[PDB]
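Colleague:
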Amino acid sequence: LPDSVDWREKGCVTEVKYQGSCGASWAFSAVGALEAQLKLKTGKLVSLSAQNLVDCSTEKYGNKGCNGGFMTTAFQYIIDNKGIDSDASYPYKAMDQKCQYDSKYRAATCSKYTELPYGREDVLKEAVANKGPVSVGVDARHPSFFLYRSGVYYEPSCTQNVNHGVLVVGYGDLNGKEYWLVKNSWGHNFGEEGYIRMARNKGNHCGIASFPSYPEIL
Ligand SMILES: Cn1c(=O)n(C2CCN(CCCn3nccc(-c4ccc(Cl)c(CNC(=O)c5ccc(F)cc5)c4)c3=O)CC2)c2cc(Cl)ccc21
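Under the working numbering, read the sequence shown as residues 73 to 290, first letter to last.
#1: Would you mind working out which of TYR286, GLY275 and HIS260 sits nearest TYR90, comparing C-alpha positions?
#2: Would you call the region 105–116 and the region 130–141 touching, i.e. three or more CB-CB distances under 8 Å?
#3: For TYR267, I'd like the list of residues in its chain whose CB is within less than 7 Å of its CB, leaving aside the five on either flank, ordered along the chain.
#4: Determine the DSSP secondary structure at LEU246, reduced to helix, strand or coil.
#5: Just how far apart, CA to CA, sit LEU219 and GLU81?
#6: Distance, Cα to Cα, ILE150 vs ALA201?
#7: What's the gap between the Cα of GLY191 and the Cα of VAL206?
#8: How close, in whole Å, do the beta carbons of residue 324 and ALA108 come, if the pair is a contact with beta carbons under 8 Å?
#9: Just checking my contact of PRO287 with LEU196 at CB under 8 Å: how many whole Å lie between their CB atoms?
Listed below in structure tokens is the structure:
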């Protein structure tokens, strides 16, 4: 129940990445979540390969690389593959390539994941604070989202149907307006040094709590 959290303060969050024209938000959200679990378990912060997912977690996992995917099935891949690579060994090139996974350069591992219940921002607050950063889908289809610079983001035409993957690294409030602290993979020059604060407890605003999920290492 702590009023506000920020996983950057605990050293569990990597640099803000840049997905470019390639629509791999799902991959970045997934690697982002795990990065923290890797830090909580081993004390090391290393950026995990988003490309490894784009190239290797494909048809079998209902994913289509640069044309979208799911964080849930990405975790499944990492479990099935018994590991993921470091971004340094398998870097991001913003396009669909052949699977080039090398276990020699295995950076981390995943044991299971957990899909949090639909639209429950209270449960999402619990997970974020107790378990760590949570991969979520949101409705980023509107210009206001692209244009976002600062403060608590609220779009009245935003639906609960999610198309874009992001990572909830914290929560809190600004002048009474509650927010979710979301790391976005759209470069450092998006919003607040690559982050966006989005309205919290305003009826699952933009589908933030629609499909939340987090991995775990054991
Ligand atoms: C082929 N295949 C699947 O597609 N799934 C599933 C993959 C995901 N699940 C979970 C449904 C929950 N959910 N519903 C709606 C929207 C999202 C969602 C969450 C985050 C983001 Cl970023 C997005 C956006 N993704 C896309 O727009 C997108 C995804 C894939 C793609 F190819 C193109 C676009 C959606 C979600 O997770 C259902 C079926 C399978 C499951 C099994 Cl056991 C076996 C084969 C499967």
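Heads up, the beta-carbon is just placed ideally off N, CA and C, and yes, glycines get one too.
Modeller: Per the coordinate set shown:
#1: Nearest of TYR286, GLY275 and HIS260 to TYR90, Cα basis: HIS260.
#2: No, they do not touch.
#3: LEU253, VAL254, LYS255 and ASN256, listed in sequence order.
#4: Correct three-state label for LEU246: strand.
#5: Distance between the alpha carbons of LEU219 and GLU81: 27 Å.
#6: Taking the straight line joining both Cα atoms gives about 24 Å.
#7: The C-alpha of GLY191 lies about 14 Å from the C-alpha of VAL206.
#8: Outside the displayed range of the chain (73 to 290) lies residue 324, so it cannot be described from this structure.
#9: At roughly 15 Å, the Cβ-Cβ gap does not stay under 8 Å, so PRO287 and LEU196 are not in contact.
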